[PDB]
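Student: Chains as they are written, first to last, in PDB author numbering: chain B, 24 to 97; chain A, 1 to 873. We put the beta carbon where it would ideally sit given N, CA and C, even for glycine.
#1: Go through its chain and collect everything with a Cβ distance to residue 131 (chain A)'s Cβ below 7 Å, but skip five positions before and after it.
#2: Work out the CA separation of residue 823 (chain A) and residue 864 (chain A) for me, nearest whole Å.
#3: Between A:623, A:768, A:753, A:747, which lies nearest to residue 678 (chain A) when the distance is taken from Cα to Cα?
#4: Name the DSSP beta bridge partners of residue 93 (chain B), please?
#5: Once you ignore the five residues that flank residue 278 (chain A) on each side, which residues in its own chain have a CB closer than 8 Å to its CB?
#6: Could you tell me which residues DSSP pairs with residue 46 (chain B) in its beta bridges?
#7: If we ignore side chains and look at the alpha-carbon of each, how far apart do residue 733 (chain A) and residue 861 (chain A) end up?
#8: Under 8 Å by Cβ, that's how I've got residue 428 (chain A) and residue 417 (chain A) pegged, so tell me the actual separation to the nearest angstrom.
#9: Looking only at its chain, what residues have a beta carbon closer than 6 Å to the beta carbon of residue 819 (chain A), apart from the 5 residues adjacent to it on each side?
#10: Verify whether the separation of the beta carbon atoms of residue 104 (chain A) and residue 55 (chain A) is less than 8 Å.
#11: Report the residue from A:77, A:125, A:846 whose alpha carbon sits nearest the alpha carbon of residue 109 (chain A).
#12: For residue 395 (chain A), which residues in the same chain have their Cβ closer than 6 Å to its Cβ, ignoring the five residues on either side in sequence?
#13: Express the C-alpha separation of residue 645 (chain A) and residue 688 (chain A) in angstroms, rounding to a whole number.
#14: Look at the alpha carbon of residue 746 (chain A) and the alpha carbon of residue 30 (chain A), and state the distance between them as a whole number of angstroms.
#15: Output needed for residue 148 (chain A): all residues of its chain with C-beta closer than 8 Å, excluding positions within five of it in sequence on either side, in chain order.
#16: Mind listing which residues of the stretch 570-602 of chain A have their C-beta closer than 7 Å to chain B's C-betas, in chain order?
#17: State yes or no: is the beta carbon of residue 52 (chain B) nearer than 8 Å to at least one beta carbon in chain A?
#18: Residue 496 (chain A) by DSSP, collapsed to three states: which one?
#19: Nearest chain A C-beta to residue 44 (chain B) closer than 8 Å, yes or no?
#20: Buried or exposed for residue 156 (chain A), please, with buried defined as at least 16 other CB atoms from any protein chain shown within 10 angstroms of its CB.
#21: Name the residue from A:631, A:671, A:698 whose alpha carbon lies nearest to the alpha carbon of residue 661 (chain A).
#22: Measuring alpha carbon to alpha carbon, tell me which residue in A:826, A:799, A:338 is nearest residue 526 (chain A).
#23: Residue 393 (chain A) to residue 325 (chain A), Cα distance in whole Å?
#24: Are the beta-carbon atoms belonging to residue 557 (chain A) and residue 565 (chain A) less than 8 Å from one another?
#25: Straight-line CA distance for residue 571 (chain A) to residue 282 (chain A)?
#26: Does DSSP put residue 858 (chain A) in a helix, a strand or coil?
#27: Would you call the CB atoms of residue 555 (chain A) and residue 636 (chain A) closer than 8 Å?
#28: For residue 766 (chain A), report the span of its alpha helix (DSSP H) as first-last.
#29: Going by CA-CA distance only, name the one from A:336, A:591, A:9 that's closest to residue 540 (chain A).
#30: How would you write the range of the alpha helix (DSSP H) that residue 911 (chain A) sits in, first residue to last?
#31: For residue 70 (chain A), which residues in chain B fall below 7 Å Cβ to Cβ?
#32: Run through DSSP, which three-state label would residue 698 (chain A) get?
#33: Assuming residue 89 (chain B) and residue 47 (chain B) are in contact, meaning their beta carbons sit under 8 Å apart, how far apart are those beta carbons, in whole angstroms?
#34: In chain order, what residues of the same chain have a beta carbon less than 7 Å from the beta carbon of residue 434 (chain A), not counting five sequence neighbours either side?
#35: Can you tell me which of the three DSSP states residue 62 (chain B) falls into?
#36: Measuring only between beta-carbons, confirm whether residue 92 (chain B) sits less than 8 Å from chain C.
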């Protein structure tokens, strides 16, 4: 049984929360933090994030694409 | 004997000796290995074993104590506390020897220790050692390595520890720290590990650090540290500086002039690479951090607020020295440019733009002359530095200096963007968009839009390297052409724009242009492939002669693509290829508004044949999991999703696909697929249902099955209903069960997590009943079959349903189920009618409301319920 990874992602982002700092790197290693998923976690999760950005779930802040720091939309 | 031998024997050609090993380890996991660990600890402690058998021993022990599964790591912690202390602690005892007696790239005991500690520190099961550790490091007699691998272990522990745990022994740790930080310590490995330990511990330090004195005394030792040749300890230190900089931001005035400034100026002069890598990423952090000072003081003096922390304006005294070197520094280019590397340059650029915003007017006098001097430098690595430096200061400095230059620049720019030197026109165009981007001098061109676009048409056919700043220059141009038609008032988005006369050429030049081999230069590909969904978005196909033929061309491009992706053996290559696909699941979106009712459908069918043979090859690898399905939930809407020709292939691979236990979310998708299916299983669906019967029984029988997928179970039978569906309406009650469980679901909407999707399922069973009642209307099947043998329970079936119906006002979806209940509920039987019937309020609130005009059919239904109501009295 695989737990829902995206829910984990939201929890991790909230866990790795800051109102100034937003850089993805921090959240990413946060995922590296605590435990670890299957070797292809980075690719598949990362694509999930990317696609939910495309849906407008979250709003860009710094950088472009998954290299940046980002904030929620209003 | 010992397991370490076993690790070597886990790879030993002796079959049985390996199976027996892989046997005690899977039993011992269940058995809990009470001594096993102690014995392993003693051998591991023994420096007489090869590094391999011991690092492997650490991986097994590790795999028996910690894990990449949070839960499994916490259970190994509970499994540990389950193990006897004599043997457990005894294991710890022999484990200490190993520190220094081996080399392990990853410390596994550290990660286990910290993980379990997260379980024993909280209860103080074994927090006593720490002070002993403190004495162990405040008095050193252990060889270098013994203390070294041990400090690396402490680092990992500080990392893997539950942040709320090494507090109890923080004081003792700080003692250990003080004796361990003196400048005298020699080994750069142990020192580095100590800095990295600091790094891992930086989360919860606050009380020790809430004293200016200690942090500064540290700063002191760190300064003694800044001249040592080994790079690694320095890096770990600048990293610490960054985090200490971010959380508890403190003054570097003491060390900036004394050590940060002099060091930096020579490093700048230092031709060596030391300056280039170790000192520049951190440098970008400090420069912007300082920018925080020139803007905090240049607003504090503008806000009449005295900052608790005060700026120094080193930057104002240094802007001038700084402007000429960085600008001269932009010359070491790389002809073939792939945008995936990180280097001092990017950090510098961010600081330049970020700092530039912070930067004062001194830089402009320092950049304008530089712009003039290289904007036409004959070189390419040089010519860029002038223009680039100019484009970076278009928004940072205040508009008084910036707006005039753009004004007189604009007349020159149009001719410049047409300068023989193609580079001048390339960088010129990107820059112009950078101007309207950073200054607001110009918004539209009338005698240049066409001429410029005449130049741009010709620009369409050059080298990628020249084209990457062109895709965005084009984007901004689209931004401009929107302000030559918008005017003051406007109709819906205009169907026709003048280029449409030559636009067809645009659309016919893009596919070839976008598919060139020399893609590695300047990161050209992405910037083109994106603007496409936008230019497609920013295109009109109402006439659509090109969308058709061009579409078949698109297939041809697709086919072209689907051949390197038929054999993608590299994750990056496959991932890279899904870029264009993603872009396709947006260009099709930008064409699909018009079905066109003929050719579009035929084209999809041809393409579908194309989409599916690869699907006929997408099985077992997880490929094309959702990129095509998204499209599918839109293709059915084109012709009502009849699918007369299709679904023949669908029967076995999904029939085994409904047999595959592993699919969960995969099957989730097939559900919205099945949603689109409700309009296509018109005939001869009866036999391949016994199949559905085992699969449906297995998934439905298991509770795990998604709560949402209750209506879809029956709602996709209507298409089967056209021909070859034969079950009668004995399923009506179970739908009277679902709307009965969503009420039963005590979904406390205290938080915004359950609601964001919630009012979707209602629309499911709603569409279900709607289709049922529409196609067929019946109160009940054989009255109620369960009452026949669930009667005693049927009492309550009507009393808690009576409580379900207790509410005077209900949601429309619940109400719809209730109205049917009013009818067949009076048709079922009269038992317990008087008591259950006299159950709830709003009866007069409803009777009055009923006599009100324009009431629908539902009001009439209630009155009938009065025939059977006049069946008891």
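Tutor: Checking against the coordinates, here is how it stands:
#1: 169, 172
#2: 8 Å
#3: A:768
#4: B:83
#5: 231, 234, 235, 238
#6: B:92
#7: 19 Å
#8: 4 Å
#9: 858, 861
#10: yes
#11: A:77
#12: 438
#13: 17 Å
#14: 38 Å
#15: 100, 187, 189, 190, 193
#16: 571, 575
#17: no
#18: coil
#19: yes
#20: buried
#21: A:698
#22: A:338
#23: 16 Å
#24: no
#25: 32 Å
#26: helix
#27: no
#28: 762-775
#29: A:591
#30: Because chain A spans 1 through 873 in this model, residue 911 (chain A) falls outside it and cannot be assessed.
#31: 57, 58
#32: helix
#33: 6 Å
#34: 391, 394
#35: coil
#36: Judged by its chain identifiers, the structure shown contains no chain C, and its protein chains are B and A.
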